[PDB]
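Okay, structure first, notes after.
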Amino acid sequence: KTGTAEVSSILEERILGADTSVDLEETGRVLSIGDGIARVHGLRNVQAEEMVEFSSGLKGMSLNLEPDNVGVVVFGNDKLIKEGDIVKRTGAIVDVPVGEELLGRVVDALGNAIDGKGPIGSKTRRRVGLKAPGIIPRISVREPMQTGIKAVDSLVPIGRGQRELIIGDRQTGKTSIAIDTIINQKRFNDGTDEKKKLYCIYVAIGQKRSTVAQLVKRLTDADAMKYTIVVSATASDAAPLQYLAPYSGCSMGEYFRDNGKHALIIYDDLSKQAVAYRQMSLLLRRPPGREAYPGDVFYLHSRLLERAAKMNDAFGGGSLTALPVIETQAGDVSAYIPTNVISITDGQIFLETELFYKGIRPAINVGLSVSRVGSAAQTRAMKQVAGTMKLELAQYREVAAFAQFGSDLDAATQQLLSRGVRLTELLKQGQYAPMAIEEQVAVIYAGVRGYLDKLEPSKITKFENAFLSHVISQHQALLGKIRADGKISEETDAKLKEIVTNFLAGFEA
Amino acid sequence: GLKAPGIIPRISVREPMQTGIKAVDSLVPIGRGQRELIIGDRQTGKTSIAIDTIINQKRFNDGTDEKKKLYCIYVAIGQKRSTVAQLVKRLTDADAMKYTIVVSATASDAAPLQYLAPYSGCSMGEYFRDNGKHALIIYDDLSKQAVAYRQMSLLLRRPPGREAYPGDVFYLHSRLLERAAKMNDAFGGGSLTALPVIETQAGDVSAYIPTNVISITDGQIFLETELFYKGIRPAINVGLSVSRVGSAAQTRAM
Amino acid sequence: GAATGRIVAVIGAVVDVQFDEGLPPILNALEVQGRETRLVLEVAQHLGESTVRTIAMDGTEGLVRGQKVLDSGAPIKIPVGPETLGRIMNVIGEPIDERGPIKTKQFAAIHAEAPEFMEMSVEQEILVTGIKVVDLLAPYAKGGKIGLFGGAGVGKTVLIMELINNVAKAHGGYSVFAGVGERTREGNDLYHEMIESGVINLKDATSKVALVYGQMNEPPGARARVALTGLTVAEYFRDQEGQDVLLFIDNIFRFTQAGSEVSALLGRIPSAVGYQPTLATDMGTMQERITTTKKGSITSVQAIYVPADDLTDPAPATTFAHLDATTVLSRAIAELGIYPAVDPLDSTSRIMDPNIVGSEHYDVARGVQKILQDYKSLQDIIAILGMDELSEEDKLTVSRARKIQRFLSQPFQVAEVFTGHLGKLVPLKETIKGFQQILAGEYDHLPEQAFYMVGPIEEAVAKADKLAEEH
Amino acid sequence: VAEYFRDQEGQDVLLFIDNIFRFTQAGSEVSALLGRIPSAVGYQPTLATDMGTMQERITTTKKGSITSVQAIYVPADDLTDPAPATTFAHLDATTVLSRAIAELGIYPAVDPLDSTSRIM
Amino acid sequence: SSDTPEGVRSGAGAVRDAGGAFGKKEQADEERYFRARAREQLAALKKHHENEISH
Amino acid sequence: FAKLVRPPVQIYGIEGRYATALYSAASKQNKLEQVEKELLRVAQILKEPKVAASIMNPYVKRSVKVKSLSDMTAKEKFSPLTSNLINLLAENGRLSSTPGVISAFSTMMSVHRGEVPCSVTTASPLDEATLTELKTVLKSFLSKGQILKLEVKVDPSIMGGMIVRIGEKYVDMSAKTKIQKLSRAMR
Ligand SMILES: Nc1ncnc2c1ncn2[C@@H]1O[C@H](COP(=O)(O)OP(=O)(O)OP(=O)(O)O)[C@@H](O)[C@H]1O
Ligand SMILES: Nc1ncnc2c1ncn2[C@@H]1O[C@H](COP(=O)(O)OP(=O)(O)OP(=O)(O)O)[C@@H](O)[C@H]1O
Ligand SMILES: Nc1ncnc2c1ncn2[C@@H]1O[C@H](COP(=O)(O)OP(=O)(O)O)[C@@H](O)[C@H]1O
Ligand SMILES: [Mg+2]
Ligand SMILES: [Mg+2]
Ligand SMILES: [Mg+2]
């Protein structure tokens, strides 16, 4: 044992006299810098988790308060800090700009501007490190949140104020479930109603810069960057900027929660924050654990993913929904970080690369996916048809082995091989085409009721596209009688019988 | 501790190196100047393969031309003296010992003497190669030059890596297996083949020290056990025994 | 000279120096005196009482404690410019080919920062190389980033030296080959494979390539900085001149893996399976300087060693995000004689899109991949039921799928010394047409041995007539 | 809280813990923030004593008793994992709720072939 | 241990991924079929080619 | 921070941290040849069955070992920068290693004019005519304006010579030369 601040220059002045020349209550010199971790002699009044501000213009964050020095992580390059550089205080935990002057802008994890339009014009701030609401200021979730995907809205539904984990292997369609979740909201976000709007945030952690640049151009052309904030700690940065970047984006989306509005945040992905924390711990010499993660790494993703809440009428009526993204490695959902975040959240959506090549895109596994809330977070019409649909696509999975070499089976088993392969063909869907909700209640009503059994399975994905363009134009008055009433009455249940059968005749030509 | 030669003073592999095995010379040929890895288990044929090669060059060494000879070198690491004093017997009835050297670091030696042995044996090989002639060198084996580096550099208080091996076991084998050159003809044109032996556990080739030395050598010879026992002896997997053919210097009639 | 330090502790390849007057910053260069060769040490940490912790770039033999150390005032300064073409260069920018010195008028320090968000060209294109698996299933892009995966001995130095033949001779812009730790034998072929092929000219000034070679007989601190001497010559051609460049690097796993060889000697606690705790940070510091800005373009092809065929290893699985196009070579395919070994169901590009490549290219390559995943569900039935138990529809699947699998193979021009065949170079319009017909049924009447190692589909019927005449 | 209705009142207390794995997982986080070297698969060295000093305070004394009912999560379907191995050493029963018995219409969803009791 | 996402499962076409004595019993069984159809087809080529000229 | 004067020994450990912070602080104001006279007077009052009874006692108090030595170090003779140093060691917890620092400061201050003596190791001692040469021919080596010192230790296992060590030199002439006749038995 020697102690860190027992070097030959610290002791040397104390033999001379009292330390009046430097005060050490407010400014402290640096002992030793290396790999983005500094050691500072002095700074007696520094609070834990307080920003400091180095001599070369960079910033910091105080994490280790030790009896002779303080260890502070550095934002930015380390070729600007040296040994003997005065450090000062700001006097607060880190804060970020917040308002509605962020909408349509692209910000990094400290609230600055990168898209080159101009400086942000907000007049408010917020600390990144605040707490969740308690047991009392919430209420059970009841609001639909629509994605536009026939699988996600009918088999594993999301509500407002819920966590839902997008988990799956590489190259599977993860970033694209959460990019027409955004584009689908333009239906509601230009109209006149206020309790159906939504304001989306996208957080990019550790991606390369020119995948973000291919995303501000995907969303501008589809006209959804007038209500979308983009927070981007990319890969070339320092490691603590990628550590703050989901807290920096979960405080930007809490102002929309405290004020009776709604929001939705997409962490992409949470398996690169947890590696950015681990680099910072094991250079601060905090003791490791399993897979060299520190002990408090369940404490990273538990205090973050519990700030998504559904508040109540006496607090404003806000919301916040979170979709975190996690990448496994060859179907191994039993590693360390993929087993923390499955325990925290409220369900997962599981995408496989075997189904991606067998012709099923979006490549969703239905058997290994769940939402814990489920049928309460659906509209009263999507609840009506999917209760017959989720059951019948579940009976197909038990007899799914017989289909390879089978014709000498029972007529009941030859039926489940028939009906189950039509419903699989309905759920296919092209990229960047979200659907309105009452239109999906048209398509799914055709398959599950019996109006597709007399057709050929390569003619299912043609019939759906020809059934929709006939019902948008020549029946627009009946796709607003579900979007208003909500529930399919019998006066509409008898009218769609006279549309599908009076179209199934004049189709096959 | 000398340095391997770079990019200018080499040339490609023109010549053949005949082993006299018939599964080697026809199907998996070996040029002169090419690092070839004999890999397999214990008691499958790894030493015998590299001793028929020592014997078989007897016919060129009593011949007349000075460019068909092949002077040989055997490095015994971690072997008991009642195997190395018995291999000098097998190499002296056939009069094989008049053209080889045996550098010997037995299992009784100090652990810094089993580490220094292949770097000393390879440096007698480069008397030949840096003066014109053609050499050949067998490391028997190189899984015992690694556990003499793991022990010697744990007691110097150096922090362990994987399986308590140091950080630079890849740098340990790579700075060795790159001196096996084939010089151009404006330096002398000499060659230095190398035949490293590697013992693996339970026939698993995805271990730490195997895969670090598969990817230094041009080709391999995969010796198995179910070939040895069914009857194929020398037990060479001719399906898997791939070889960058060495500019295909097999020979014209073969 | 400034801060002439002194050496105190040479433990491995990690030398610590102690400065009397002036401490240098992180990432500098230091010059050890009194040696007949040039040994360069780069600063990495500041320890207290004016001692730094460096890393040598050469051999640490003969380092006596108390030895003076100068300082230059900057990171390592290489030569750069137009006169670096047809040359081979060291990590610290020196000649290693014995042709004399590099006479340039501009130096570039190898430590720069990634260009910002507002300097990002967004456009996609297509690029045709000539191969029926690249151009059909994982197509390239003019300016994209391309990674070649796969284990040891599957075909990565051949597939990267065939694309040097195909693209980098019919190209107007320039190319750079950076050799980050590979066999010094293989760095003598490509120096001589391109002197006879006109890409290097040893008497006049019309060469179109530059070489950077630090190989696997080098200490593991110098096998971490030839990845950065590469994309400093390959950035002066993009930024300063407004040109177009190609970037060839083999192998880029030796940049990561040579950072794990000095992690614990520096003083860090090692992470998971043995790598340094700064894996995805030192990597992404480098793989963001290889981008196409709005001043030029870079088309980068990098070979990526997968250790022990384990794709879920942390050194390859953190590289799958810095790339637009992945071509993954397997070994269970190249054991069947199929060459190029490229896996059809594991390669993937971004521009496989019905709005860039067209809605005829897209419907083909999503039926090749759909009939090959239909094959594997039948191979588990054949292992029990045998081949002559299947129905007559499923027999038609296996025959076309084996016709498609053999037709994906193609004789490269650099296999004219290995196999003795003759080389092909198939255009794109024939590639789409040939595969469109095997799925239709217009070649159901041929033997499979016609399709093995041909070019266009019209050569695969000129073989089924020679087999029937010599019967 | 559960002992005042055993000691100071003499009644038959119940006690629900949800769940017995997050008690165990949180002990391994405290023990690794202090610096103690971990056990088998990654848990803390004091894994059986820490469960001991909690599970031994639930007995039937002469005044009253405490009963307990604890939910268990079995990680990676591994019934010989160090955390459910140590918890099974203290159990006197099991109850299994399965997905299939709910489909038959039977409530509560109890599997009568895979639910045990040591005092049988 | 298969009725759980945590419990491991298998892929499609994994029998020939191992390399056992069923992956060999199937790799050879396919060559003992598609070598003998390669000379039913081969013999008919002379006639088929002629037939094309005829019509 | 500032730069400091280089001590000509540069020892390491918990001694040479504090024993260089004292050399650098006292070489300022040219307090060097004085302070060794004061460090040899605390080098006698440390060995006392009331002072050493609580200079190494753990259980007295963290604070009362600071006022008890500060009252002690000032009143009797001296108030230089050593009074801060004894207050510096006691404030940190390094009172146990206090005799180590002064034995470390002494070897650091000795080389400012000293020699690090030689060690003649021969036999039973000798006369004046053969010793005053070796106390003068050992001065002909160094030649840097210095006044030499020496140690003597008698050993008979060396049968017929003398070994001497000027610093780290070791010119050996002894009966090791029987083992050097292995070359007669070494072919
Ligand atoms: N529903 C779909 N239909 C057709 N193609 C799709 C669909 N979803 C995704 N793709 C294709 O998948 C490719 C890659 O998908 P994407 O990159 O969004 O998935 P990812 O799993 O997030 O990949 P990564 O994790 O590497 O970012 C894209 O090129 C896109 O064309
Ligand atoms: N060509 C051969 N044909 C038949 N048997 C052979 C042949 N060569 C060697 N053997 C036998 O195989 C056995 C093992 O050979 P060898 O000693 O070379 O194996 P090894 O793996 O080198 O042994 P170790 O594991 O001790 O190094 C010996 O008993 C030897 O007699
Ligand atoms: N056209 C070809 N396709 C596949 N493999 C080939 C071809 N021609 C030769 N080979 C063999 O495949 C091996 C591939 O090794 P190579 O690509 O050189 O190194 P790497 O280990 O980096 O893949 C070569 O040794 C060569 O013998
Ligand atoms: Mg993505
Ligand atoms: Mg042997
Ligand atoms: Mg290669």
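Here's how to read the names in the structure tokens: chain A, B, ... by the order shown, residue numbers from 1 in each chain, ligand numbers from 1 in the order shown.
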Name each residue within 8 Å of ligand 3, counting only C-alpha atoms and all ligand atoms, as a PyMOL selection string.
-> (chain B and resi 215+218-219+242-245) or (chain C and resi 150-159+305+334+337-341+411-412+414-415+417-419)
8 Å contact set for range 16-27 of chain E, only C-alpha atoms, chain neighbours under 6 positions out, as a list in words |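 My reading of the contact set: residues 379, 380, 382, 383 and 386 of chain C.
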Near-residue 124 in chain A list (7 Å; only C-alpha atoms; drop same-chain fewer than 4 positions) as a PyMOL selection string = chain A and resi 97-99
Which residues form the shell of 9 Å around ligand 5 when you count only C-alpha atoms and all ligand atoms, given as a PyMOL selection string?
-> chain B and resi 41-48+79+140-141+197-199
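Counting only C-alpha atoms, every residue of chain C that comes within 6 Å of chain A is listed here: residues 25, 26, 45, 46, 47, 48, 271, 272, 277, 284, 285, 312 and 370 of chain C.
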Selection export as a short mmCIF file (atom, residue, chain, number, x, y, z; two decimals), in the first residue's frame, atoms kept: C-alpha atoms:
data_model
loop_
_atom_site.label_atom_id
_atom_site.label_comp_id
_atom_site.auth_asym_id
_atom_site.auth_seq_id
_atom_site.Cartn_x
_atom_site.Cartn_y
_atom_site.Cartn_z
CA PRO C 25 1.09 14.61 -24.56
CA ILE C 26 -0.58 11.29 -25.26
CA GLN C 45 -0.10 7.09 -20.46
CA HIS C 46 1.03 9.61 -17.85
CA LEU C 47 1.98 8.03 -14.55
CA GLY C 48 3.07 10.69 -12.08
CA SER C 271 -12.10 -8.05 -20.28
CA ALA C 272 -14.00 -11.07 -21.63
CA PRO C 277 -11.21 -3.58 -22.46
CA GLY C 284 -14.41 2.57 -34.13
CA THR C 285 -11.81 5.30 -33.89
CA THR C 312 -19.61 -15.02 -32.52
CA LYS C 370 -35.29 -19.48 -51.13
#
Counting only C-alpha atoms, collect the residues of chain C whose closest atom lies at most 9 Å from chain E, and write them out as a PyMOL selection string.
-> chain C and resi 332+373+375-380+382-384+386-388+399+445-449+464-465+467-469+471
Shell of 10 Å around range 81-92 of chain B, only C-alpha atoms, local chain residues under 4 positions omitted, as a PyMOL selection string = chain B and resi 51-52+54-55+75-76+96-98+100+102+104-108
Put those residues in a file: N, CA, C and O atoms, as a tab-separated table (two decimals), in the first residue's frame.
chain	number	residue	atom	x	y	z
B	51	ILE	N	10.90	-38.93	-39.54
B	51	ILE	CA	12.16	-39.66	-39.51
B	51	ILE	C	12.35	-40.54	-40.74
B	51	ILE	O	13.51	-40.82	-41.10
B	52	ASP	N	11.28	-40.94	-41.43
B	52	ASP	CA	11.45	-41.47	-42.77
B	52	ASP	C	11.97	-40.41	-43.71
B	52	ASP	O	12.71	-40.71	-44.64
B	54	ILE	N	14.12	-38.10	-42.77
B	54	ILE	CA	15.55	-37.96	-42.51
B	54	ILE	C	16.33	-39.06	-43.22
B	54	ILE	O	17.43	-38.84	-43.74
B	55	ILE	N	15.77	-40.27	-43.23
B	55	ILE	CA	16.44	-41.43	-43.80
B	55	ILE	C	16.48	-41.33	-45.32
B	55	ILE	O	17.51	-41.56	-45.95
B	75	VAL	N	15.11	-31.12	-33.41
B	75	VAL	CA	15.06	-30.40	-32.14
B	75	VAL	C	14.10	-31.13	-31.21
B	75	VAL	O	12.89	-31.20	-31.48
B	76	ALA	N	14.63	-31.65	-30.11
B	76	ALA	CA	13.89	-32.48	-29.17
B	76	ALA	C	13.56	-31.66	-27.93
B	76	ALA	O	14.45	-31.40	-27.11
B	96	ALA	N	22.33	-42.44	-41.22
B	96	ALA	CA	21.65	-41.17	-41.37
B	96	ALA	C	22.30	-40.08	-40.55
B	96	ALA	O	22.15	-38.91	-40.88
B	97	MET	N	23.03	-40.42	-39.49
B	97	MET	CA	23.55	-39.40	-38.60
B	97	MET	C	24.75	-38.67	-39.17
B	97	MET	O	25.23	-37.74	-38.52
B	98	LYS	N	25.26	-39.03	-40.33
B	98	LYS	CA	26.44	-38.32	-40.82
B	98	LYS	C	26.09	-36.99	-41.46
B	98	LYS	O	27.00	-36.24	-41.83
B	100	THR	N	23.14	-35.00	-40.10
B	100	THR	CA	22.21	-34.24	-39.27
B	100	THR	C	22.89	-33.70	-38.01
B	100	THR	O	24.05	-33.99	-37.71
B	102	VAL	N	21.47	-32.86	-33.80
B	102	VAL	CA	20.38	-33.06	-32.85
B	102	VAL	C	20.57	-32.07	-31.70
B	102	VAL	O	21.45	-32.26	-30.85
B	104	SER	N	19.09	-30.77	-28.33
B	104	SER	CA	18.33	-31.56	-27.37
B	104	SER	C	18.15	-30.77	-26.09
B	104	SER	O	19.13	-30.38	-25.45
B	105	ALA	N	16.89	-30.55	-25.72
B	105	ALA	CA	16.52	-29.99	-24.43
B	105	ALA	C	15.47	-30.93	-23.85
B	105	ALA	O	14.30	-30.86	-24.23
B	106	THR	N	15.90	-31.79	-22.95
B	106	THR	CA	15.08	-32.86	-22.41
B	106	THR	C	14.12	-32.32	-21.36
B	106	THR	O	14.17	-31.15	-20.99
B	107	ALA	N	13.23	-33.19	-20.88
B	107	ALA	CA	12.24	-32.77	-19.88
B	107	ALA	C	12.85	-32.48	-18.52
B	107	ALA	O	12.21	-31.83	-17.69
B	108	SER	N	14.07	-32.93	-18.27
B	108	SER	CA	14.78	-32.63	-17.03
B	108	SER	C	15.40	-31.24	-17.02
B	108	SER	O	15.90	-30.82	-15.97
